[PDB]
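Below sits a lone chain in structure tokens, taken as the form deposited in one PDB entry.
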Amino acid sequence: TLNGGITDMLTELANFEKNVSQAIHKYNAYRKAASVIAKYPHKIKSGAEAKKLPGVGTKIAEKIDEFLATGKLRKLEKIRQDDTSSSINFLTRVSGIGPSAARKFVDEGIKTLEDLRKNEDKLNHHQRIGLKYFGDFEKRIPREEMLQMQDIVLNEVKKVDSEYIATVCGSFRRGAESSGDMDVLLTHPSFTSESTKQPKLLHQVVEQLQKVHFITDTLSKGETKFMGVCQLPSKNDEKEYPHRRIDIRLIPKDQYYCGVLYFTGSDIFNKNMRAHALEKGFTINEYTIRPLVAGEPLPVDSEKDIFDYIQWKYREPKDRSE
């Protein structure tokens, strides 16, 4: 891509700040810069040109000048060569290991995938599964497989109760050619913000998906959110499909539009949109849009209504990507 070198540099720095420094706002500032630069429709020629973009300040522009002059960043060169930094970064690639646990593990001498395997009894359940499927979870999912997974989940939900509506969101809904995982938003009429008229609405779907061997493991599971692993069936003599991450979110039926907006992302889009909601005197979460101490939920009966409240032209899901 245009400015790929620059945006890669910034993403690496963001990951360093998140994973090693544990500085979430630096992480986010680097990602905001990477994002704005990725959308910039010109080959950046200097740091001063980039500095004109919102989210790119003096320090980034200075890094960009270094990167354009030399093709590298001494700061990242040092980070790359630093054994502890690299180890901590690596370990965070395991689902369930974040910055804190990564640092703790690296302090205890646990530096490698090899080390994690021989110390399974130091891992919680989520981390165990993340280690088990480490190579699989870094593989992306072609949209063709996403379509097959969608067919399974939609038909199996329908067998449980014809009144459930399952909507595949995330990058899939944004029209992406490949997805990192599957995100399923679920509603049922018995569950609204005013009442839960049936218990175990999510459990029943998760259980049905387990019975047919689609869901293979569970990372976490409560009344409204499921985080797990699933796999497509393969045919006689074929290599197995990789195991895949699947998230299911049961959202009150009358709060579907706020739910789908949230679940469609992108993550950066959601942060930008919620940050602009705040500037306009609103707060948005996956349930509601409220005036600001937040007040009572405003009426919504489309995704567009939410954009309208904050005075944004509608963006189609396909235009909410990075």
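Numbers follow the displayed sequence, beginning with 1. Rigid core: the largest C-alpha set superposing within 1.5 Å between the two forms.
Not even a third of the other compared entries skip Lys104; each one keeps it along with the residues on either side. For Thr196, the fraction of other compared entries lacking coordinates, among those that model flanking residues, reaches at least a third. In terms of unmodelled positions of the deposited sequence, the chain runs continuously from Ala275 to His276 in this entry. Judged by mean Cα B factor in the deposited record, 117-125 ranks above the other of 117-125 and 201-209. Look at the C-alpha B-factors of 82-90 and of 225-233. On average they run higher in 82-90.
Highest CA B-factor among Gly71, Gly170, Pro142, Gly175, as stated in the entry: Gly71. Among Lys75, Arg244, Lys132, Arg249, the highest C-alpha B-factor recorded in the PDB entry belongs to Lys75. In this PDB entry, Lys271 carries a Cα temperature factor that places it within the lowest third of its chain's modelled residues. Among all modelled residues in its chain, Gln148 ranks in the middle third by Cα B-factor. The entry lists a Cα temperature factor for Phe307 that places it in the lowest third of the chain's modelled residues. When the CA B factors of the chain's modelled residues are split into thirds, the value for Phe282 lands in the middle one. The PDB entry assigns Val36 a C-alpha temperature factor belonging to the middle third of its chain's modelled residues.
Below: the form deposited in another entry, not depicted.
Once the rigid core is used as the reference frame, the Cα position of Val300 differs between the shown form and the other one by 2 Å or more. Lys122 shows a C-alpha shift below 2 Å between the shown form and the other one [criterion: core-superposed Cα displacement of 2 Å]. Relative to the superposed core, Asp254 undergoes a Cα shift smaller than 2 Å between the shown form and the other one.
The pair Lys18 and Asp267 is at least 3 angstroms farther apart at the CA level in the other form than in the present model.
Here's the thing about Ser21 and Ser266: their CA atoms end up at least 3 Å farther apart in the other form than they are in this form.
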